Number of protein chains: 2
Amino acid sequence: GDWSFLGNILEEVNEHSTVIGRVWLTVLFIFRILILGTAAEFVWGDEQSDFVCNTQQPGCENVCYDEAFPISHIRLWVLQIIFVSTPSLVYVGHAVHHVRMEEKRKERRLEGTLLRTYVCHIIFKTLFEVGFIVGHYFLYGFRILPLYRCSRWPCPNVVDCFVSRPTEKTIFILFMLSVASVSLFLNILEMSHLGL
Amino acid sequence: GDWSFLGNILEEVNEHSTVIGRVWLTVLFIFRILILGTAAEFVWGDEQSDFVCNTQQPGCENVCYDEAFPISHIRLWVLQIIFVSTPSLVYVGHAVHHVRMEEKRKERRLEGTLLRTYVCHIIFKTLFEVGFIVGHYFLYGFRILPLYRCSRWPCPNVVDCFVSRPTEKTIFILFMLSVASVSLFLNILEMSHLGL
């Protein structure tokens with residue numbers, strides 16, 4: 001996973017953001033992207049290969065892994081990162097559009113419409129963070145148990161399947177939840193600081 | 001399989017039967033019982049162990065063998081032998097009952113009621129032989145093909161199963177059919193000889 005493109009564009013908008021937005025962005029780079037690439041990706045690497053079911057039924061392990069894990073937590077966190085970063089991109093686009101307009105108009109900072117855009121970007125970041133948190137909760141909760149019982153066809157009756165590294169995965173699930181909540185708190189502080 | 005009991009009782013009724021009934025009995029001993037024990041039993045010995053199906057489905061081979069072979073030909077021929085021999089036993093019982101009665105009455109051959117009993121015994125032998133022949137035909141025909149296609153649950157879709165020794169089994173099926181038909185002809189000759 002090469003995050004160079006997103007990185008370069010978000011460090012562009014480091015220069016154009018509040019101090020609390022610079023903290024938010026540093027958190028995104030260090031506690032989410034870096035963790036994902038240096039730790040979480042390896043934890044989930046053998047998610048299906050080490051998933052085992054007590055059965056001689058061909059196909060059962062496939063369908064039971066798929067039912068237990070409709071989308072891997074790591075893919076969900078990738079999507080979360082991209083969607084929470086998208087409003088920053090929108091804002092920096094608006095800002096650069098104004099810089100190029102000012103240059104052109106001459107040929108021919110957080111005030112006015114850039115403030116409304118910044119506040120909206122904060123709002124959307126907050127809502128997307130909340131949405132991904134809630135979705136994670138309803139999909140998986142915040143704990144992976146070792147045992148998963150499966151009755152999906154072709155599995156005969158109910159079969160016992162065993163998850164890879166449930167405890168390490170639980171630790172990283174809770175870590176990512178905490179990081180997301182810190183991000184939410186930072187966004188709240190941004191709104192308060194702007195208001196006051 | 002120990003046929004000593006039946007053997008001794010049928011060689012008792014050798015003494016009390018027509019010449020054609022002695023031929024019938026010799027055929028029963030040599031071409032049916034002896035063949036079954038010295039040849040057929042070994043041919044069918046690995047009927048299920050060498051029955052193979054192209055599948056990874058647990059249980060499928062069991063149900064497919066059972067559907068292909070609801071009753072092994074050798075068990076069917078054992079039953080046939082016993083049922084075609086039963087009327088001879090009834091007749092010899094009647095005859096010995098008359099011998100013991102004559103002895104008793106003194107204390108105190110095929111004529112009369114023994115003739116009616118003999119003819120009835122021939123009739124029942126004929127009908128049972130015909131019934132087992134017809135049943136064999138409807139159940140299996142007179143040929144075992146190497147391939148059996150099976151769709152019985154739990155088999156997925158249709159599976160290809162392969163029979164053990166189909167050609168040798170076909171040879172013995174036809175041999176036993178011919179022996180049964182010879183027995184029928186002998187019974188017909190008995191009725192004719194008695195009539196004439």
# chains A, B, ... in the order shown; residues from 1 in each chain; ligands from 1
>>> residues_around(residues="segment 8-14 of chain A", least_positions_apart="2", cutoff="10 Å", atoms="only C-alpha atoms", output="list in words")
residues 3, 4, 5, 6, 16, 17, 18, 19, 21, 22, 23, 24, 25, 26, 28, 29, 85, 86, 88, 89, 91, 92, 93, 95 and 96 of chain A
>>> interface_residues(of="chain A", to="chain B", cutoff="8 Å", atoms="only C-alpha atoms", output="PDB file with N, CA and C atoms, in the first residue's frame")
ATOM      1  N   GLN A  56     -15.006 -31.969   7.325  1.00  0.00           N
ATOM      2  CA  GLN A  56     -14.479 -32.559   6.105  1.00  0.00           C
ATOM      3  C   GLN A  56     -15.269 -32.124   4.877  1.00  0.00           C
ATOM      4  N   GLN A  57     -16.065 -31.077   5.004  1.00  0.00           N
ATOM      5  CA  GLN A  57     -16.960 -30.646   3.947  1.00  0.00           C
ATOM      6  C   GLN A  57     -16.250 -29.673   3.017  1.00  0.00           C
ATOM      7  N   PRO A  58     -16.083 -29.995   1.737  1.00  0.00           N
ATOM      8  CA  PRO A  58     -15.484 -29.028   0.817  1.00  0.00           C
ATOM      9  C   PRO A  58     -16.345 -27.782   0.682  1.00  0.00           C
TER      10      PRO A  58
END
>>> atom_distance(atom1="atom CA of residue 155 of chain B", atom2="atom CA of residue 161 of chain A")
23.2 Å
>>> residues_around(residues="segment 127-132 of chain A", least_positions_apart="2", cutoff="8 Å", atoms="only C-alpha atoms", output="tab-separated table (two decimals) with N, CA and C atoms, in the first residue's frame")
chain	number	residue	atom	x	y	z
A	80	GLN	N	-11.99	4.02	5.82
A	80	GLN	CA	-12.16	5.07	6.82
A	80	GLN	C	-11.13	6.18	6.65
A	83	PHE	N	-11.93	8.27	3.48
A	83	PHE	CA	-13.12	9.09	3.58
A	83	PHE	C	-12.96	10.22	4.59
A	84	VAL	N	-12.26	9.99	5.70
A	84	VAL	CA	-12.04	11.08	6.63
A	84	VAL	C	-11.03	12.07	6.08
A	123	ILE	N	-17.18	19.23	9.83
A	123	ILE	CA	-18.44	18.54	10.07
A	123	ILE	C	-18.44	17.18	9.37
A	124	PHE	N	-18.05	17.16	8.10
A	124	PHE	CA	-18.05	15.91	7.35
A	124	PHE	C	-17.04	14.92	7.91
A	125	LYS	N	-15.86	15.39	8.31
A	125	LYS	CA	-14.90	14.50	8.95
A	125	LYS	C	-15.51	13.86	10.19
A	134	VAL	N	-19.61	3.49	14.20
A	134	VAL	CA	-20.88	2.81	14.40
A	134	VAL	C	-20.97	1.57	13.52
A	135	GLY	N	-20.54	1.69	12.26
A	135	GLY	CA	-20.56	0.55	11.38
A	135	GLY	C	-19.68	-0.58	11.87
A	136	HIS	N	-18.48	-0.24	12.34
A	136	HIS	CA	-17.62	-1.24	12.94
A	136	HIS	C	-18.32	-1.93	14.10
A	180	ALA	N	-9.55	6.79	16.59
A	180	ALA	CA	-10.67	7.46	15.96
A	180	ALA	C	-11.37	8.41	16.92
A	184	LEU	N	-12.03	12.46	16.76
A	184	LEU	CA	-13.30	13.15	17.00
A	184	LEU	C	-13.13	14.28	18.00
>>> residues_around(residues="residue 41 of chain B", least_positions_apart="5", cutoff="9 Å", atoms="only C-alpha atoms", output="VMD selection string")
chain B and resid 35 to 36 74
>>> write_last_selection(atoms="N, CA and C atoms", output="CSV table (one decimal), in the first residue's frame")
chain,number,residue,atom,x,y,z
B,35,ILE,N,-20.5,-73.3,-6.7
B,35,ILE,CA,-20.0,-72.1,-7.4
B,35,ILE,C,-20.0,-70.9,-6.5
B,36,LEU,N,-21.1,-70.8,-5.7
B,36,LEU,CA,-21.3,-69.6,-4.8
B,36,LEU,C,-20.1,-69.6,-3.8
B,74,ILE,N,-25.0,-62.0,-4.5
B,74,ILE,CA,-24.7,-63.3,-3.8
B,74,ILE,C,-25.7,-63.5,-2.7
>>> residues_around(residues="residue 148 of chain A", least_positions_apart="6", cutoff="9 Å", atoms="only C-alpha atoms", output="PDB file with N, CA and C atoms, in the first residue's frame")
ATOM      1  N   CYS A  53     -11.737 -24.748  10.301  1.00  0.00           N
ATOM      2  CA  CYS A  53     -13.032 -25.281  10.684  1.00  0.00           C
ATOM      3  C   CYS A  53     -12.921 -26.787  10.876  1.00  0.00           C
ATOM      4  N   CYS A  64     -17.692 -19.945   5.594  1.00  0.00           N
ATOM      5  CA  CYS A  64     -17.702 -19.566   6.996  1.00  0.00           C
ATOM      6  C   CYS A  64     -16.764 -18.402   7.275  1.00  0.00           C
ATOM      7  N   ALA A  68     -18.173 -14.860   8.636  1.00  0.00           N
ATOM      8  CA  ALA A  68     -17.567 -14.258   9.815  1.00  0.00           C
ATOM      9  C   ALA A  68     -16.954 -12.902   9.500  1.00  0.00           C
ATOM     10  N   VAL A 159     -20.983 -26.013  12.368  1.00  0.00           N
ATOM     11  CA  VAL A 159     -19.571 -26.333  12.482  1.00  0.00           C
ATOM     12  C   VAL A 159     -18.863 -25.273  13.317  1.00  0.00           C
ATOM     13  N   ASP A 160     -17.819 -25.721  13.997  1.00  0.00           N
ATOM     14  CA  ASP A 160     -16.960 -24.885  14.819  1.00  0.00           C
ATOM     15  C   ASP A 160     -15.758 -24.462  13.989  1.00  0.00           C
ATOM     16  N   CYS A 161     -15.576 -23.162  13.830  1.00  0.00           N
ATOM     17  CA  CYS A 161     -14.429 -22.595  13.148  1.00  0.00           C
ATOM     18  C   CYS A 161     -13.626 -21.727  14.105  1.00  0.00           C
ATOM     19  N   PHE A 162     -12.322 -21.686  13.884  1.00  0.00           N
ATOM     20  CA  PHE A 162     -11.399 -20.988  14.761  1.00  0.00           C
ATOM     21  C   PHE A 162     -10.637 -19.901  14.024  1.00  0.00           C
ATOM     22  N   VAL A 163     -10.700 -18.719  14.585  1.00  0.00           N
ATOM     23  CA  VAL A 163     -10.129 -17.498  14.045  1.00  0.00           C
ATOM     24  C   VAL A 163      -8.634 -17.421  14.333  1.00  0.00           C
TER      25      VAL A 163
END
>>> closest_residue(among="B:42, B:59, B:30, B:2", to="residue 152 of chain B", atoms="only C-alpha atoms")
B:59
>>> atom_distance(atom1="atom CA of residue 112 of chain B", atom2="atom CA of residue 20 of chain B")
19.9 Å
>>> residues_around(residues="segment 138-142 of chain A", least_positions_apart="2", cutoff="12 Å", atoms="only C-alpha atoms", output="PDB file with C-alpha atoms, in the first residue's frame")
ATOM      1  CA  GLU A  67     -19.758 -14.986   6.790  1.00  0.00           C
ATOM      2  CA  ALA A  68     -17.567 -14.258   9.815  1.00  0.00           C
ATOM      3  CA  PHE A  69     -15.553 -11.581   7.981  1.00  0.00           C
ATOM      4  CA  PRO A  70     -17.587  -9.929   5.216  1.00  0.00           C
ATOM      5  CA  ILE A  71     -14.917  -7.213   5.088  1.00  0.00           C
ATOM      6  CA  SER A  72     -11.567  -7.391   6.852  1.00  0.00           C
ATOM      7  CA  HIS A  73     -10.999  -4.770   9.517  1.00  0.00           C
ATOM      8  CA  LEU A  76     -12.447  -1.046   6.575  1.00  0.00           C
ATOM      9  CA  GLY A 131     -20.302   6.503  10.821  1.00  0.00           C
ATOM     10  CA  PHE A 132     -17.309   4.213  10.500  1.00  0.00           C
ATOM     11  CA  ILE A 133     -17.186   3.729  14.278  1.00  0.00           C
ATOM     12  CA  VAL A 134     -20.882   2.808  14.399  1.00  0.00           C
ATOM     13  CA  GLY A 135     -20.561   0.550  11.376  1.00  0.00           C
ATOM     14  CA  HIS A 136     -17.616  -1.243  12.937  1.00  0.00           C
ATOM     15  CA  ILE A 144     -12.991 -10.985  18.090  1.00  0.00           C
ATOM     16  CA  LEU A 145     -13.706 -14.252  19.838  1.00  0.00           C
ATOM     17  CA  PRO A 166      -8.228 -13.171  18.026  1.00  0.00           C
ATOM     18  CA  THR A 167      -6.491 -11.416  20.933  1.00  0.00           C
ATOM     19  CA  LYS A 169      -6.769  -8.466  16.556  1.00  0.00           C
ATOM     20  CA  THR A 170      -8.876  -7.334  19.527  1.00  0.00           C
ATOM     21  CA  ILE A 171      -5.979  -5.199  20.785  1.00  0.00           C
ATOM     22  CA  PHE A 172      -5.631  -3.465  17.438  1.00  0.00           C
ATOM     23  CA  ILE A 173      -9.407  -3.058  17.090  1.00  0.00           C
ATOM     24  CA  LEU A 174      -9.518  -1.221  20.410  1.00  0.00           C
ATOM     25  CA  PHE A 175      -6.402   0.789  19.526  1.00  0.00           C
ATOM     26  CA  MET A 176      -7.945   1.988  16.266  1.00  0.00           C
ATOM     27  CA  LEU A 177     -11.214   2.805  18.042  1.00  0.00           C
ATOM     28  CA  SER A 178      -9.319   4.933  20.553  1.00  0.00           C
TER      29      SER A 178
END
>>> select_by_dssp(residues="chain A", states="strand (DSSP E or B)", output="PyMOL selection string")
chain A and resi 52-53+147-150+159-162
>>> write_last_selection(atoms="N, CA, C and O atoms", output="CSV table (one decimal), in the first residue's frame")
chain,number,residue,atom,x,y,z
A,52,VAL,N,-9.5,-22.0,10.5
A,52,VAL,CA,-9.7,-23.4,10.4
A,52,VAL,C,-11.1,-23.8,10.9
A,52,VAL,O,-11.6,-23.2,11.9
A,53,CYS,N,-11.7,-24.7,10.3
A,53,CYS,CA,-13.0,-25.3,10.7
A,53,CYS,C,-12.9,-26.8,10.9
A,53,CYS,O,-12.2,-27.5,10.2
A,147,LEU,N,-13.8,-18.6,18.8
A,147,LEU,CA,-14.7,-19.5,18.2
A,147,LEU,C,-15.8,-18.8,17.4
A,147,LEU,O,-16.3,-17.8,17.8
A,148,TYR,N,-16.0,-19.2,16.2
A,148,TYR,CA,-17.1,-18.8,15.3
A,148,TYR,C,-17.9,-20.0,14.9
A,148,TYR,O,-17.4,-20.9,14.3
A,149,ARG,N,-19.2,-20.1,15.2
A,149,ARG,CA,-20.1,-21.2,14.8
A,149,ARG,C,-20.8,-20.8,13.5
A,149,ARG,O,-21.4,-19.7,13.4
A,150,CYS,N,-20.8,-21.7,12.6
A,150,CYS,CA,-21.2,-21.5,11.2
A,150,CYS,C,-22.2,-22.6,10.8
A,150,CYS,O,-21.9,-23.7,10.9
A,159,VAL,N,-21.0,-26.0,12.4
A,159,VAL,CA,-19.6,-26.3,12.5
A,159,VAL,C,-18.9,-25.3,13.3
A,159,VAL,O,-19.2,-24.1,13.4
A,160,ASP,N,-17.8,-25.7,14.0
A,160,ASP,CA,-17.0,-24.9,14.8
A,160,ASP,C,-15.8,-24.5,14.0
A,160,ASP,O,-15.0,-25.3,13.5
A,161,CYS,N,-15.6,-23.2,13.8
A,161,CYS,CA,-14.4,-22.6,13.1
A,161,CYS,C,-13.6,-21.7,14.1
A,161,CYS,O,-14.2,-21.1,15.0
A,162,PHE,N,-12.3,-21.7,13.9
A,162,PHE,CA,-11.4,-21.0,14.8
A,162,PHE,C,-10.6,-19.9,14.0
A,162,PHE,O,-10.0,-20.1,13.0
>>> atom_distance(atom1="atom CA of residue 44 of chain B", atom2="atom CA of residue 82 of chain B")
19.6 Å
>>> select_by_dssp(residues="chain A", states="helix (DSSP H, G or I)", output="JSON, numbers by chain")
{"A": [4, 5, 6, 7, 8, 9, 10, 11, 12, 19, 20, 21, 22, 23, 24, 25, 26, 27, 28, 29, 30, 31, 32, 33, 34, 35, 36, 37, 38, 39, 40, 41, 42, 43, 60, 61, 62, 63, 64, 65, 66, 67, 68, 73, 74, 75, 76, 77, 78, 79, 80, 81, 82, 83, 84, 85, 86, 87, 88, 89, 90, 91, 92, 93, 94, 95, 96, 97, 98, 99, 100, 101, 102, 103, 104, 105, 106, 107, 113, 114, 115, 116, 117, 118, 119, 120, 121, 122, 123, 124, 125, 126, 127, 128, 129, 130, 131, 132, 133, 134, 135, 136, 137, 138, 139, 140, 166, 167, 168, 169, 170, 171, 172, 173, 174, 175, 176, 177, 178, 179, 180, 181, 182, 183, 184, 185, 186, 187, 188, 189, 190, 191, 192, 193, 194, 195]}
>>> write_last_selection(atoms="C-alpha atoms", output="tab-separated table (two decimals), in the first residue's frame")
chain	number	residue	atom	x	y	z
A	4	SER	CA	2.54	8.76	-1.13
A	5	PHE	CA	-0.13	10.55	-3.19
A	6	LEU	CA	-2.47	11.13	-0.26
A	7	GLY	CA	0.46	11.99	1.98
A	8	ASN	CA	1.78	14.70	-0.31
A	9	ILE	CA	-1.66	16.25	-0.69
A	10	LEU	CA	-2.39	16.23	3.03
A	11	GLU	CA	0.97	17.75	3.87
A	12	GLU	CA	0.03	20.44	1.39
A	19	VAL	CA	-2.85	24.00	14.78
A	20	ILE	CA	-5.49	21.48	15.85
A	21	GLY	CA	-5.83	20.41	12.23
A	22	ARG	CA	-2.10	19.86	12.11
A	23	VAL	CA	-2.43	17.65	15.17
A	24	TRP	CA	-5.29	15.76	13.54
A	25	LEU	CA	-3.20	15.21	10.43
A	26	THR	CA	-0.16	14.03	12.37
A	27	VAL	CA	-2.43	11.58	14.18
A	28	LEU	CA	-3.71	10.35	10.82
A	29	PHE	CA	-0.19	9.78	9.51
A	30	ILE	CA	1.39	8.23	12.59
A	31	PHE	CA	-1.35	6.44	14.53
A	32	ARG	CA	-3.47	5.24	11.59
A	33	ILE	CA	-1.50	4.91	8.34
A	34	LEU	CA	1.80	3.97	9.95
A	35	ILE	CA	0.19	1.49	12.37
A	36	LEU	CA	-1.75	-0.06	9.51
A	37	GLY	CA	1.35	-0.58	7.40
A	38	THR	CA	3.85	-1.55	10.09
A	39	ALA	CA	1.61	-3.61	12.35
A	40	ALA	CA	-2.05	-4.34	11.52
A	41	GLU	CA	-1.47	-5.52	7.94
A	42	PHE	CA	0.82	-8.29	9.20
A	43	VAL	CA	-1.60	-9.30	11.99
A	60	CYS	CA	-17.39	-24.88	4.25
A	61	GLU	CA	-14.29	-22.99	5.41
A	62	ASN	CA	-14.65	-20.56	2.50
A	63	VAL	CA	-18.28	-19.69	3.24
A	64	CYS	CA	-17.70	-19.57	7.00
A	65	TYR	CA	-14.76	-17.19	6.73
A	66	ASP	CA	-16.82	-15.05	4.38
A	67	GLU	CA	-19.76	-14.99	6.79
A	68	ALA	CA	-17.57	-14.26	9.81
A	73	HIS	CA	-11.00	-4.77	9.52
A	74	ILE	CA	-7.89	-3.57	7.67
A	75	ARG	CA	-9.84	-2.85	4.48
A	76	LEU	CA	-12.45	-1.05	6.58
A	77	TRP	CA	-9.76	1.12	8.18
A	78	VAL	CA	-8.30	1.91	4.75
A	79	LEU	CA	-11.70	3.11	3.58
A	80	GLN	CA	-12.16	5.07	6.82
A	81	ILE	CA	-8.81	6.80	6.34
A	82	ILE	CA	-9.64	7.81	2.78
A	83	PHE	CA	-13.12	9.09	3.58
A	84	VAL	CA	-12.04	11.08	6.63
A	85	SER	CA	-9.25	12.56	4.51
A	86	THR	CA	-11.54	13.50	1.60
A	87	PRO	CA	-12.96	16.71	3.15
A	88	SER	CA	-9.44	17.97	3.77
A	89	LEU	CA	-8.83	17.51	0.06
A	90	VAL	CA	-12.00	19.43	-0.79
A	91	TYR	CA	-10.94	22.30	1.47
A	92	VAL	CA	-7.39	22.48	0.12
A	93	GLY	CA	-8.84	22.43	-3.38
A	94	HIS	CA	-11.02	25.42	-2.57
A	95	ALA	CA	-8.05	27.23	-1.01
A	96	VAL	CA	-5.68	26.57	-3.90
A	97	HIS	CA	-8.46	27.56	-6.30
A	98	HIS	CA	-8.60	30.90	-4.52
A	99	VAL	CA	-4.82	31.28	-4.61
A	100	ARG	CA	-4.76	30.66	-8.37
A	101	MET	CA	-7.71	33.03	-8.79
A	102	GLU	CA	-5.88	35.75	-6.86
A	103	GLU	CA	-2.79	35.24	-9.02
A	104	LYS	CA	-4.85	35.41	-12.21
A	105	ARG	CA	-6.85	38.45	-11.07
A	106	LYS	CA	-3.53	40.13	-10.28
A	107	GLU	CA	-2.33	39.37	-13.81
A	113	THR	CA	-16.06	31.39	2.16
A	114	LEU	CA	-12.93	29.52	3.22
A	115	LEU	CA	-14.22	29.56	6.78
A	116	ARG	CA	-17.57	28.08	5.79
A	117	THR	CA	-15.72	25.45	3.76
A	118	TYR	CA	-13.36	24.67	6.67
A	119	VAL	CA	-16.25	24.26	9.10
A	120	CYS	CA	-18.12	22.05	6.65
A	121	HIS	CA	-15.00	19.93	6.17
A	122	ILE	CA	-14.76	19.50	9.94
A	123	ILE	CA	-18.44	18.54	10.07
A	124	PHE	CA	-18.05	15.91	7.35
A	125	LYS	CA	-14.90	14.50	8.95
A	126	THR	CA	-16.78	14.15	12.24
A	127	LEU	CA	-19.78	12.49	10.61
A	128	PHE	CA	-17.67	10.03	8.62
A	129	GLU	CA	-15.62	9.11	11.68
A	130	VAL	CA	-18.81	8.51	13.66
A	131	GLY	CA	-20.30	6.50	10.82
A	132	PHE	CA	-17.31	4.21	10.50
A	133	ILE	CA	-17.19	3.73	14.28
A	134	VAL	CA	-20.88	2.81	14.40
A	135	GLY	CA	-20.56	0.55	11.38
A	136	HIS	CA	-17.62	-1.24	12.94
A	137	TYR	CA	-19.61	-1.74	16.12
A	138	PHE	CA	-22.68	-3.18	14.40
A	139	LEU	CA	-20.64	-5.36	12.03
A	140	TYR	CA	-18.11	-6.81	14.49
A	166	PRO	CA	-8.23	-13.17	18.03
A	167	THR	CA	-6.49	-11.42	20.93
A	168	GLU	CA	-3.96	-9.43	18.91
A	169	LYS	CA	-6.77	-8.47	16.56
A	170	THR	CA	-8.88	-7.33	19.53
A	171	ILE	CA	-5.98	-5.20	20.78
A	172	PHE	CA	-5.63	-3.47	17.44
A	173	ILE	CA	-9.41	-3.06	17.09
A	174	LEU	CA	-9.52	-1.22	20.41
A	175	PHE	CA	-6.40	0.79	19.53
A	176	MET	CA	-7.95	1.99	16.27
A	177	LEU	CA	-11.21	2.81	18.04
A	178	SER	CA	-9.32	4.93	20.55
A	179	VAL	CA	-7.41	6.72	17.78
A	180	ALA	CA	-10.67	7.46	15.96
A	181	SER	CA	-12.20	8.84	19.15
A	182	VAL	CA	-9.15	11.06	19.71
A	183	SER	CA	-9.67	12.36	16.18
A	184	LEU	CA	-13.30	13.15	17.00
A	185	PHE	CA	-12.26	15.04	20.12
A	186	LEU	CA	-9.76	17.01	18.05
A	187	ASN	CA	-12.47	17.99	15.58
A	188	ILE	CA	-14.71	19.13	18.43
A	189	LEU	CA	-11.83	21.21	19.77
A	190	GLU	CA	-11.40	22.72	16.30
A	191	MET	CA	-15.02	23.83	16.20
A	192	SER	CA	-14.78	25.25	19.73
A	193	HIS	CA	-11.52	27.08	19.01
A	194	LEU	CA	-13.00	28.63	15.88
A	195	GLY	CA	-16.13	29.65	17.76
>>> decode(residues="segment 5-80 of chain B", atoms="C-alpha atoms", output="CSV table (one decimal), in the first residue's frame")
chain,number,residue,atom,x,y,z
B,5,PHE,CA,-27.7,-78.8,7.5
B,6,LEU,CA,-29.5,-78.2,4.2
B,7,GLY,CA,-27.2,-80.6,2.4
B,8,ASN,CA,-27.9,-83.5,4.8
B,9,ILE,CA,-31.7,-82.9,4.5
B,10,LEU,CA,-31.7,-82.6,0.7
B,11,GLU,CA,-29.6,-85.8,0.4
B,12,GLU,CA,-32.2,-87.4,2.5
B,13,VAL,CA,-34.7,-86.5,-0.2
B,14,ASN,CA,-32.4,-87.7,-2.9
B,15,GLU,CA,-33.6,-91.2,-1.9
B,16,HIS,CA,-37.3,-90.3,-2.2
B,17,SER,CA,-37.3,-88.3,-5.4
B,18,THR,CA,-37.5,-89.1,-9.1
B,19,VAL,CA,-34.4,-89.5,-11.3
B,20,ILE,CA,-35.1,-86.0,-12.6
B,21,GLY,CA,-35.3,-84.7,-9.1
B,22,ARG,CA,-32.0,-86.3,-8.3
B,23,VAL,CA,-30.6,-84.4,-11.3
B,24,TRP,CA,-32.1,-81.2,-10.1
B,25,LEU,CA,-30.6,-81.7,-6.6
B,26,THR,CA,-27.2,-82.5,-8.0
B,27,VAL,CA,-27.4,-79.3,-10.1
B,28,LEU,CA,-28.3,-77.4,-6.9
B,29,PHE,CA,-25.3,-78.7,-5.0
B,30,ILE,CA,-22.7,-78.4,-7.7
B,31,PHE,CA,-23.7,-75.5,-10.0
B,32,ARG,CA,-25.2,-73.3,-7.4
B,33,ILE,CA,-23.9,-73.9,-3.8
B,34,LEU,CA,-20.4,-75.0,-4.9
B,35,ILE,CA,-20.0,-72.1,-7.4
B,36,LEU,CA,-21.3,-69.6,-4.8
B,37,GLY,CA,-18.7,-70.8,-2.2
B,38,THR,CA,-15.7,-71.5,-4.4
B,39,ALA,CA,-16.1,-68.6,-6.9
B,40,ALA,CA,-18.9,-66.0,-6.6
B,41,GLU,CA,-18.3,-65.1,-2.9
B,42,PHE,CA,-14.7,-64.1,-3.7
B,43,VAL,CA,-15.7,-62.1,-6.8
B,44,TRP,CA,-18.1,-60.0,-4.7
B,45,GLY,CA,-15.9,-59.9,-1.6
B,46,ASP,CA,-14.5,-56.5,-2.4
B,47,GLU,CA,-17.8,-55.1,-3.7
B,48,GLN,CA,-17.9,-52.0,-1.4
B,49,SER,CA,-14.2,-51.7,-0.6
B,50,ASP,CA,-13.2,-51.3,-4.2
B,51,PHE,CA,-16.3,-49.3,-5.2
B,52,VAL,CA,-15.0,-45.8,-5.8
B,53,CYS,CA,-16.7,-42.4,-6.5
B,54,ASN,CA,-15.1,-39.3,-7.9
B,55,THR,CA,-16.0,-36.9,-5.1
B,56,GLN,CA,-14.6,-35.3,-1.9
B,57,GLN,CA,-18.0,-35.5,-0.3
B,58,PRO,CA,-18.2,-37.5,3.0
B,59,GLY,CA,-20.9,-40.1,2.9
B,60,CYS,CA,-21.5,-40.1,-0.9
B,61,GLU,CA,-19.8,-43.4,-1.6
B,62,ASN,CA,-21.8,-45.1,1.1
B,63,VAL,CA,-25.2,-43.9,-0.3
B,64,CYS,CA,-24.2,-44.5,-3.9
B,65,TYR,CA,-23.1,-48.1,-3.3
B,66,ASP,CA,-26.3,-48.7,-1.4
B,67,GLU,CA,-28.4,-47.2,-4.2
B,68,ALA,CA,-26.5,-49.2,-6.9
B,69,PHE,CA,-26.6,-52.4,-4.9
B,70,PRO,CA,-29.6,-52.6,-2.6
B,71,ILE,CA,-28.9,-56.3,-2.2
B,72,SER,CA,-25.8,-58.0,-3.4
B,73,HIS,CA,-26.3,-60.7,-6.0
B,74,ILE,CA,-24.7,-63.3,-3.8
B,75,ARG,CA,-27.2,-62.7,-1.0
B,76,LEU,CA,-30.0,-62.9,-3.5
B,77,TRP,CA,-28.7,-66.2,-4.8
B,78,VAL,CA,-28.5,-67.5,-1.2
B,79,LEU,CA,-32.1,-66.6,-0.7
B,80,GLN,CA,-33.0,-68.2,-4.0
